[PDB]
>>> print(open('data_4.txt').read())   # compact mmCIF, C-alpha atoms and all ligand atoms
# COMPACT_ATOMS: atom_id res chain seq x y z
CA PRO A 1 -28.77 43.17 -8.65
CA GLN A 2 -28.55 39.79 -7.06
CA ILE A 3 -30.99 39.63 -4.15
CA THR A 4 -30.60 36.94 -1.55
CA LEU A 5 -33.57 35.57 0.26
CA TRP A 6 -32.47 35.62 3.85
CA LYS A 7 -34.94 38.48 4.28
CA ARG A 8 -38.02 39.58 2.35
CA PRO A 9 -37.06 40.91 -1.13
CA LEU A 10 -38.45 44.38 -0.72
CA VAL A 11 -37.73 47.12 -3.14
CA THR A 12 -38.80 50.69 -3.80
CA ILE A 13 -41.32 51.25 -6.56
CA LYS A 14 -42.83 54.33 -8.12
CA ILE A 15 -46.47 54.08 -9.18
CA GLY A 16 -49.01 56.81 -9.77
CA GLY A 17 -46.60 59.43 -8.75
CA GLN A 18 -46.01 57.73 -5.36
CA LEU A 19 -43.01 55.93 -3.85
CA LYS A 20 -43.87 52.66 -2.16
CA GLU A 21 -42.22 49.57 -0.89
CA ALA A 22 -43.17 46.26 -2.52
CA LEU A 23 -42.31 42.60 -2.33
CA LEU A 24 -40.74 40.87 -5.39
CA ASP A 25 -43.00 37.82 -5.49
CA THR A 26 -42.41 34.92 -7.87
CA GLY A 27 -45.49 33.16 -6.40
CA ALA A 28 -47.79 35.97 -7.53
CA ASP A 29 -49.22 35.83 -11.06
CA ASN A 30 -50.36 39.43 -10.77
CA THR A 31 -49.18 42.68 -9.22
CA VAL A 32 -51.36 43.78 -6.27
CA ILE A 33 -51.05 47.18 -4.56
CA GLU A 34 -52.77 48.56 -1.44
CA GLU A 35 -55.66 50.93 -2.00
CA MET A 36 -54.72 54.04 -3.94
CA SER A 37 -56.15 56.00 -6.82
CA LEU A 38 -54.90 55.36 -10.36
CA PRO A 39 -56.07 57.10 -13.57
CA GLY A 40 -58.14 55.52 -16.32
CA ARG A 41 -60.59 52.78 -16.52
CA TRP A 42 -60.84 49.75 -14.26
CA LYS A 43 -62.91 46.61 -13.85
CA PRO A 44 -63.58 44.49 -10.78
CA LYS A 45 -61.76 41.20 -10.18
CA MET A 46 -61.45 38.60 -7.43
CA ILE A 47 -58.05 37.12 -6.58
CA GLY A 48 -57.34 34.30 -4.14
CA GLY A 49 -54.53 33.21 -1.94
CA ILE A 50 -53.99 31.73 1.53
CA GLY A 51 -56.91 32.94 3.59
CA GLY A 52 -59.28 33.10 0.54
CA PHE A 53 -60.20 35.85 -1.91
CA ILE A 54 -60.25 39.60 -2.04
CA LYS A 55 -61.98 41.97 -4.42
CA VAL A 56 -59.69 44.27 -6.38
CA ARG A 57 -59.86 46.88 -9.13
CA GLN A 58 -57.99 45.94 -12.29
CA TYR A 59 -56.20 48.83 -14.03
CA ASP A 60 -54.52 48.08 -17.36
CA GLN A 61 -51.46 49.74 -18.97
CA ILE A 62 -50.01 51.21 -15.77
CA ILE A 63 -46.36 52.27 -15.72
CA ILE A 64 -44.36 51.26 -12.70
CA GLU A 65 -40.65 51.89 -11.89
CA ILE A 66 -39.28 48.90 -9.96
CA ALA A 67 -35.92 49.40 -8.32
CA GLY A 68 -35.02 51.79 -11.18
CA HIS A 69 -36.44 49.66 -14.04
CA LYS A 70 -39.53 50.83 -15.92
CA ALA A 71 -42.27 48.41 -16.87
CA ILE A 72 -45.90 48.57 -17.93
CA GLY A 73 -48.69 46.25 -17.19
CA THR A 74 -51.85 45.47 -15.29
CA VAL A 75 -52.00 46.47 -11.64
CA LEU A 76 -54.60 45.20 -9.21
CA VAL A 77 -55.60 47.54 -6.38
CA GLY A 78 -57.29 46.39 -3.22
CA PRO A 79 -56.93 45.31 0.41
CA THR A 80 -53.76 43.27 0.16
CA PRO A 81 -51.75 43.20 3.39
CA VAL A 82 -48.53 43.93 1.41
CA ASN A 83 -47.67 45.46 -1.94
CA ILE A 84 -46.72 42.65 -4.31
CA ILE A 85 -44.85 42.80 -7.61
CA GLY A 86 -45.95 39.70 -9.49
CA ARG A 87 -44.71 37.85 -12.48
CA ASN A 88 -46.53 40.06 -15.00
CA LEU A 89 -44.07 42.85 -14.14
CA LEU A 90 -41.07 40.76 -12.96
CA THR A 91 -40.72 39.39 -16.49
CA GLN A 92 -40.49 42.92 -17.91
CA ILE A 93 -37.49 43.86 -15.76
CA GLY A 94 -35.79 40.56 -16.68
CA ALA A 95 -35.99 38.98 -13.25
CA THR A 96 -34.96 35.36 -12.87
CA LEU A 97 -34.66 32.85 -10.05
CA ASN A 98 -31.20 31.27 -9.94
CA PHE A 99 -29.82 28.29 -8.02
CA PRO B 101 -30.90 26.74 -13.30
CA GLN B 102 -31.98 30.19 -14.32
CA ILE B 103 -35.78 30.26 -14.19
CA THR B 104 -37.64 32.98 -16.01
CA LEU B 105 -41.11 34.01 -14.89
CA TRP B 106 -43.27 33.96 -17.99
CA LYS B 107 -44.92 30.88 -16.50
CA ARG B 108 -45.36 29.86 -12.88
CA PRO B 109 -42.02 28.58 -11.44
CA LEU B 110 -43.27 25.09 -10.66
CA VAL B 111 -40.78 22.40 -9.68
CA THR B 112 -40.96 18.81 -8.52
CA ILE B 113 -40.45 18.23 -4.82
CA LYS B 114 -40.09 14.94 -3.00
CA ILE B 115 -41.31 14.63 0.59
CA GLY B 116 -42.17 11.37 2.42
CA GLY B 117 -41.12 9.43 -0.69
CA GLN B 118 -43.78 11.08 -2.82
CA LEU B 119 -43.34 13.48 -5.74
CA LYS B 120 -45.44 16.62 -5.72
CA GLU B 121 -45.48 19.90 -7.64
CA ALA B 122 -44.67 23.14 -5.82
CA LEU B 123 -44.29 26.83 -6.58
CA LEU B 124 -41.02 28.60 -5.91
CA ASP B 125 -42.29 31.61 -4.02
CA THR B 126 -40.05 34.48 -3.01
CA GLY B 127 -43.06 36.25 -1.46
CA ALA B 128 -43.51 33.44 1.10
CA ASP B 129 -41.55 33.51 4.32
CA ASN B 130 -42.53 29.89 4.97
CA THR B 131 -43.03 26.67 3.02
CA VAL B 132 -46.67 25.54 3.03
CA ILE B 133 -47.92 22.26 1.62
CA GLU B 134 -51.35 20.73 1.22
CA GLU B 135 -52.60 18.22 3.77
CA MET B 136 -50.41 15.14 4.02
CA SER B 137 -48.96 12.97 6.73
CA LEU B 138 -45.54 13.88 8.17
CA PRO B 139 -43.56 12.25 10.97
CA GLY B 140 -43.04 13.61 14.41
CA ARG B 141 -44.71 16.23 16.53
CA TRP B 142 -46.09 19.49 15.24
CA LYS B 143 -46.64 22.90 16.73
CA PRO B 144 -49.30 25.53 16.01
CA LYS B 145 -48.72 28.43 13.66
CA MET B 146 -50.86 31.09 12.06
CA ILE B 147 -49.89 32.48 8.65
CA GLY B 148 -51.38 35.52 6.96
CA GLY B 149 -51.83 35.65 3.26
CA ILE B 150 -53.76 37.74 0.85
CA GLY B 151 -57.20 36.77 2.13
CA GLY B 152 -56.51 36.56 5.81
CA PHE B 153 -55.04 34.14 8.27
CA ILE B 154 -55.11 30.39 8.51
CA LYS B 155 -54.01 27.80 11.01
CA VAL B 156 -51.36 25.35 9.93
CA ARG B 157 -49.38 22.49 11.45
CA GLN B 158 -45.68 23.26 11.80
CA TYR B 159 -43.33 20.33 11.35
CA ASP B 160 -39.63 20.98 11.92
CA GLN B 161 -36.54 19.30 10.43
CA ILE B 162 -38.38 17.61 7.53
CA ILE B 163 -36.36 16.12 4.65
CA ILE B 164 -37.51 17.53 1.36
CA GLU B 165 -36.00 17.51 -2.12
CA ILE B 166 -36.63 20.65 -4.21
CA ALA B 167 -35.86 20.59 -7.93
CA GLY B 168 -33.22 17.97 -7.17
CA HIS B 169 -31.67 19.94 -4.27
CA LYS B 170 -31.64 18.59 -0.72
CA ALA B 171 -33.20 20.61 2.07
CA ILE B 172 -34.07 19.77 5.69
CA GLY B 173 -36.25 22.29 7.43
CA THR B 174 -39.63 23.53 8.51
CA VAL B 175 -42.74 22.54 6.56
CA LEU B 176 -46.15 23.97 7.29
CA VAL B 177 -49.16 21.81 6.46
CA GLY B 178 -52.59 23.31 5.87
CA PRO B 179 -55.21 24.45 3.38
CA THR B 180 -52.96 26.30 1.01
CA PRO B 181 -54.26 26.53 -2.61
CA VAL B 182 -50.91 25.34 -4.08
CA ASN B 183 -47.82 23.88 -2.51
CA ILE B 184 -45.42 26.76 -1.92
CA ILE B 185 -41.67 26.69 -1.31
CA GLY B 186 -40.84 29.77 0.76
CA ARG B 187 -37.65 31.54 1.67
CA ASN B 188 -36.80 29.24 4.56
CA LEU B 189 -36.03 26.49 1.99
CA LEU B 190 -35.17 28.69 -1.00
CA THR B 191 -32.15 29.83 1.02
CA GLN B 192 -31.16 26.22 1.65
CA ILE B 193 -31.02 25.48 -2.07
CA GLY B 194 -29.02 28.66 -2.79
CA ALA B 195 -31.73 30.59 -4.64
CA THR B 196 -31.44 34.24 -5.51
CA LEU B 197 -33.44 36.75 -7.52
CA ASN B 198 -31.50 38.41 -10.29
CA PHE B 199 -32.22 41.25 -12.62
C1 LIG A 201 -50.30 31.94 -2.18
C2 LIG A 201 -49.65 32.20 -3.54
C3 LIG A 201 -49.98 31.08 -4.52
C4 LIG A 201 -50.18 33.52 -4.13
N1 LIG A 201 -49.88 34.68 -3.31
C5 LIG A 201 -48.53 35.19 -3.39
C6 LIG A 201 -47.68 34.78 -2.18
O1 LIG A 201 -46.30 35.08 -2.48
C7 LIG A 201 -48.11 35.51 -0.90
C8 LIG A 201 -47.74 36.99 -0.91
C9 LIG A 201 -48.15 37.63 0.41
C10 LIG A 201 -47.20 38.07 1.36
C11 LIG A 201 -47.57 38.64 2.56
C12 LIG A 201 -48.91 38.77 2.88
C13 LIG A 201 -49.84 38.36 1.95
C14 LIG A 201 -49.49 37.79 0.72
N2 LIG A 201 -47.36 34.86 0.19
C15 LIG A 201 -47.92 34.12 1.13
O2 LIG A 201 -49.14 33.89 1.20
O3 LIG A 201 -47.04 33.63 2.02
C16 LIG A 201 -47.59 32.99 3.17
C17 LIG A 201 -46.62 31.86 3.52
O4 LIG A 201 -45.47 32.50 4.12
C18 LIG A 201 -45.99 33.60 4.91
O5 LIG A 201 -45.16 34.72 4.63
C19 LIG A 201 -45.89 35.65 3.84
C20 LIG A 201 -47.37 35.39 4.12
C21 LIG A 201 -47.38 33.89 4.41
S1 LIG A 201 -51.09 35.79 -3.12
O6 LIG A 201 -50.54 36.94 -2.39
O7 LIG A 201 -52.27 35.04 -2.57
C22 LIG A 201 -51.55 36.33 -4.73
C23 LIG A 201 -50.83 37.35 -5.33
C24 LIG A 201 -51.12 37.80 -6.61
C25 LIG A 201 -52.13 37.15 -7.30
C26 LIG A 201 -52.82 36.09 -6.72
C27 LIG A 201 -52.56 35.69 -5.41
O8 LIG A 201 -53.76 35.66 -7.60
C28 LIG A 201 -53.50 36.32 -8.77
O9 LIG A 201 -52.53 37.31 -8.59
CL CL A 202 -49.79 42.64 -17.50
CL CL A 203 -36.62 36.60 -20.95
NA NA A 204 -55.71 51.83 -18.11
>>> encode(input="data_4.txt", output="structure tokens", more="lines below")
Ligand SMILES: CC(C)CN(C[C@@H](O)[C@H](Cc1ccccc1)NC(=O)O[C@H]1CO[C@H]2OCC[C@H]21)S(=O)(=O)c1ccc2c(c1)OCO2
Ligand SMILES: [Cl-]
Ligand SMILES: [Cl-]
Ligand code: NA
Amino acid sequence: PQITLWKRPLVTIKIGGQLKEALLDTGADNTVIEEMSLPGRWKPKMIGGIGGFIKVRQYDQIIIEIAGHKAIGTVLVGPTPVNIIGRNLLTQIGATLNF
Amino acid sequence: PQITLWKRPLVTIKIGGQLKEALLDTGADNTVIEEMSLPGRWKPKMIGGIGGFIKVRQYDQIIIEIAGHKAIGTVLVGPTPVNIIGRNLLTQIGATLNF
């Protein structure tokens, strides 16, 4: 698709068996999802934005379906106000910014 | 241009006759720049990011060049970690997300 930016670029994702809404976010290095369980190992991380930092759990090699496109990568889980698909997964579905 | 996302989508902006670097950020509703002087009156605004809320100064109808494209619109000034170009100006330069 071609997604305009008059409104937030929200899409449906599937992660850990669950359907969620998430923001396609070119300003995010990393993918950050609201608290949920995921399988496998994790390690703690701090990530920072407007407002400061939050502590997250870093899960590696997680499969995510993003508007019908499968990708794998690292997913951070923690108290983000919104689910964010960052560049680490946008690259894998071939997303570009065009103007 | 068609900008891929393997690296941060940083562009040159020009505001108040000065060049700065800024991040093209589809996850930002608003454009937020680091402290600088801008003409005119400002109004209060609170914006919520990953770590919580901050107060910013809202300046309307500011001339700003983005990657060589002319925009005139709202610029928020405050303690953002990076200059961010949000959807209010990404729409003005005709940007879309494509995959
Ligand atoms: C601030 C930029 C450099 C980084 N952020 C991504 C943004 O797209 C963020 C994504 C975001 C969106 C909504 C709520 C929280 C974060 N948007 C945001 O802060 O926008 C603010 C300005 O416009 C307003 O509209 C949205 C909130 C305001 S982020 O959420 O802090 C973030 C995401 C993933 C990360 C990261 C930081 O560090 C490493 O991986
Ligand atoms: Cl990754
Ligand atoms: Cl590519
Ligand atoms: Na893992």
>>> closest_residue(input="data_4.txt", among="B:126, B:105, B:141, B:149", to="ligand CL 203 (chain A)", atoms="only C-alpha atoms and all ligand atoms")
B:105
>>> atom_distance(input="data_4.txt", atom1="CA of residue 167 (chain B)", atom2="CA of residue 114 (chain B)")
8.6 Å
>>> atom_distance(input="data_4.txt", atom1="CA of residue 112 (chain B)", atom2="CA of residue 164 (chain B)")
10.5 Å
>>> residues_around(input="data_4.txt", residues="residue 93 (chain A)", least_positions_apart="4", cutoff="10 Å", atoms="all atoms listed in the file", output="VMD selection string")
(chain A and resid 65 to 72 87 to 89) or (chain B and resid 198 to 199)
>>> residues_near_point(input="data_4.txt", point="(-52.9, 25.5, -2.7)", cutoff="8 Å", atoms="all atoms listed in the file", output="PyMOL selection string")
(chain A and resi 49-50) or (chain B and resi 133-134+179-184)
>>> residues_near_ligand(input="data_4.txt", ligand="ligand CL 202 (chain A)", cutoff="12 Å", atoms="only C-alpha atoms and all ligand atoms", output="mmCIF file with C-alpha atoms, in the coordinates of the input")
data_model
loop_
_atom_site.group_PDB
_atom_site.id
_atom_site.type_symbol
_atom_site.label_atom_id
_atom_site.label_comp_id
_atom_site.auth_asym_id
_atom_site.auth_seq_id
_atom_site.Cartn_x
_atom_site.Cartn_y
_atom_site.Cartn_z
ATOM 1 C CA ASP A 29 -49.220 35.830 -11.060
ATOM 2 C CA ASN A 30 -50.360 39.430 -10.770
ATOM 3 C CA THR A 31 -49.180 42.680 -9.220
ATOM 4 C CA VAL A 32 -51.360 43.780 -6.270
ATOM 5 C CA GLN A 58 -57.990 45.940 -12.290
ATOM 6 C CA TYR A 59 -56.200 48.830 -14.030
ATOM 7 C CA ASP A 60 -54.520 48.080 -17.360
ATOM 8 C CA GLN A 61 -51.460 49.740 -18.970
ATOM 9 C CA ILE A 62 -50.010 51.210 -15.770
ATOM 10 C CA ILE A 63 -46.360 52.270 -15.720
ATOM 11 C CA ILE A 64 -44.360 51.260 -12.700
ATOM 12 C CA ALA A 71 -42.270 48.410 -16.870
ATOM 13 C CA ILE A 72 -45.900 48.570 -17.930
ATOM 14 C CA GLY A 73 -48.690 46.250 -17.190
ATOM 15 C CA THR A 74 -51.850 45.470 -15.290
ATOM 16 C CA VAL A 75 -52.000 46.470 -11.640
ATOM 17 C CA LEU A 76 -54.600 45.200 -9.210
ATOM 18 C CA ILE A 85 -44.850 42.800 -7.610
ATOM 19 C CA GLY A 86 -45.950 39.700 -9.490
ATOM 20 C CA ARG A 87 -44.710 37.850 -12.480
ATOM 21 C CA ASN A 88 -46.530 40.060 -15.000
ATOM 22 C CA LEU A 89 -44.070 42.850 -14.140
ATOM 23 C CA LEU A 90 -41.070 40.760 -12.960
ATOM 24 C CA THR A 91 -40.720 39.390 -16.490
ATOM 25 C CA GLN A 92 -40.490 42.920 -17.910
ATOM 26 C CA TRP B 106 -43.270 33.960 -17.990
#
>>> build_atoms(input="data_4.txt", residues="region 18-53 of chain A", atoms="N, CA and C atoms", output="short mmCIF file (atom, residue, chain, number, x, y, z; two decimals), in the frame of the given file")
data_model
loop_
_atom_site.label_atom_id
_atom_site.label_comp_id
_atom_site.auth_asym_id
_atom_site.auth_seq_id
_atom_site.Cartn_x
_atom_site.Cartn_y
_atom_site.Cartn_z
N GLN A 18 -46.25 57.97 -6.76
CA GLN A 18 -46.01 57.73 -5.36
C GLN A 18 -44.89 56.73 -5.15
N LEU A 19 -44.04 56.90 -4.16
CA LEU A 19 -43.01 55.93 -3.85
C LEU A 19 -43.55 55.00 -2.77
N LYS A 20 -43.38 53.71 -3.00
CA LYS A 20 -43.87 52.66 -2.16
C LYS A 20 -42.83 51.57 -2.08
N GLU A 21 -42.98 50.79 -1.03
CA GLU A 21 -42.22 49.57 -0.89
C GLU A 21 -43.04 48.38 -1.34
N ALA A 22 -42.42 47.44 -2.07
CA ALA A 22 -43.17 46.26 -2.52
C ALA A 22 -42.26 45.04 -2.51
N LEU A 23 -42.90 43.91 -2.40
CA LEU A 23 -42.31 42.60 -2.33
C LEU A 23 -42.14 42.00 -3.73
N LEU A 24 -40.96 41.58 -4.13
CA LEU A 24 -40.74 40.87 -5.39
C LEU A 24 -41.21 39.45 -5.20
N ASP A 25 -42.30 39.04 -5.85
CA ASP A 25 -43.00 37.82 -5.49
C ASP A 25 -43.23 36.89 -6.68
N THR A 26 -42.33 35.89 -6.77
CA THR A 26 -42.41 34.92 -7.87
C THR A 26 -43.64 34.03 -7.76
N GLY A 27 -44.26 33.95 -6.61
CA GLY A 27 -45.49 33.16 -6.40
C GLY A 27 -46.73 33.91 -6.75
N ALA A 28 -46.66 35.16 -7.17
CA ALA A 28 -47.79 35.97 -7.53
C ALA A 28 -47.91 36.09 -9.04
N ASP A 29 -49.02 35.67 -9.63
CA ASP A 29 -49.22 35.83 -11.06
C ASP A 29 -49.32 37.30 -11.42
N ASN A 30 -49.96 38.08 -10.54
CA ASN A 30 -50.36 39.43 -10.77
C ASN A 30 -49.74 40.35 -9.71
N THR A 31 -49.62 41.60 -10.08
CA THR A 31 -49.18 42.68 -9.22
C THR A 31 -50.37 43.27 -8.45
N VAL A 32 -50.27 43.37 -7.12
CA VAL A 32 -51.36 43.78 -6.27
C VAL A 32 -50.84 44.84 -5.31
N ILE A 33 -51.47 46.00 -5.33
CA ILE A 33 -51.05 47.18 -4.56
C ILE A 33 -52.17 47.57 -3.63
N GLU A 34 -51.85 48.03 -2.42
CA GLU A 34 -52.77 48.56 -1.44
C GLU A 34 -53.55 49.71 -2.03
N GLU A 35 -54.73 49.97 -1.48
CA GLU A 35 -55.66 50.93 -2.00
C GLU A 35 -55.01 52.26 -2.25
N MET A 36 -55.16 52.77 -3.45
CA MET A 36 -54.72 54.04 -3.94
C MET A 36 -55.52 54.36 -5.19
N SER A 37 -55.53 55.66 -5.54
CA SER A 37 -56.15 56.00 -6.82
C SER A 37 -55.15 55.84 -7.95
N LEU A 38 -55.60 55.39 -9.10
CA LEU A 38 -54.90 55.36 -10.36
C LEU A 38 -55.82 55.92 -11.43
N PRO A 39 -55.25 56.54 -12.47
CA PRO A 39 -56.07 57.10 -13.57
C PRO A 39 -56.54 56.01 -14.52
N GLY A 40 -57.62 56.34 -15.24
CA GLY A 40 -58.14 55.52 -16.32
C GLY A 40 -59.20 54.58 -15.84
N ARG A 41 -59.50 53.70 -16.78
CA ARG A 41 -60.59 52.78 -16.52
C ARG A 41 -60.18 51.60 -15.65
N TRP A 42 -61.13 50.96 -15.01
CA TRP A 42 -60.84 49.75 -14.26
C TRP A 42 -62.05 48.82 -14.31
N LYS A 43 -61.80 47.54 -13.96
CA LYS A 43 -62.91 46.61 -13.85
C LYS A 43 -62.68 45.76 -12.59
N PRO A 44 -63.76 45.26 -12.02
CA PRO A 44 -63.58 44.49 -10.78
C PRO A 44 -63.08 43.08 -11.08
N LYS A 45 -62.36 42.52 -10.12
CA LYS A 45 -61.76 41.20 -10.18
C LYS A 45 -61.71 40.62 -8.79
N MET A 46 -61.73 39.31 -8.66
CA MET A 46 -61.45 38.60 -7.43
C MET A 46 -60.16 37.81 -7.55
N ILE A 47 -59.30 37.91 -6.56
CA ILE A 47 -58.05 37.12 -6.58
C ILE A 47 -57.93 36.39 -5.24
N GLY A 48 -57.34 35.21 -5.25
CA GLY A 48 -57.34 34.30 -4.14
C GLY A 48 -55.99 33.81 -3.74
N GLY A 49 -55.83 33.55 -2.47
CA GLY A 49 -54.53 33.21 -1.94
C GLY A 49 -54.77 32.42 -0.67
N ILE A 50 -53.77 32.32 0.19
CA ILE A 50 -53.99 31.73 1.53
C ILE A 50 -54.95 32.64 2.25
N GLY A 51 -55.95 32.07 2.95
CA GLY A 51 -56.91 32.94 3.59
C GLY A 51 -58.10 33.10 2.66
N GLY A 52 -58.10 32.86 1.36
CA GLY A 52 -59.28 33.10 0.54
C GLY A 52 -59.08 34.26 -0.45
N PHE A 53 -60.21 34.85 -0.85
CA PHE A 53 -60.20 35.85 -1.91
C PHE A 53 -60.45 37.26 -1.43
#
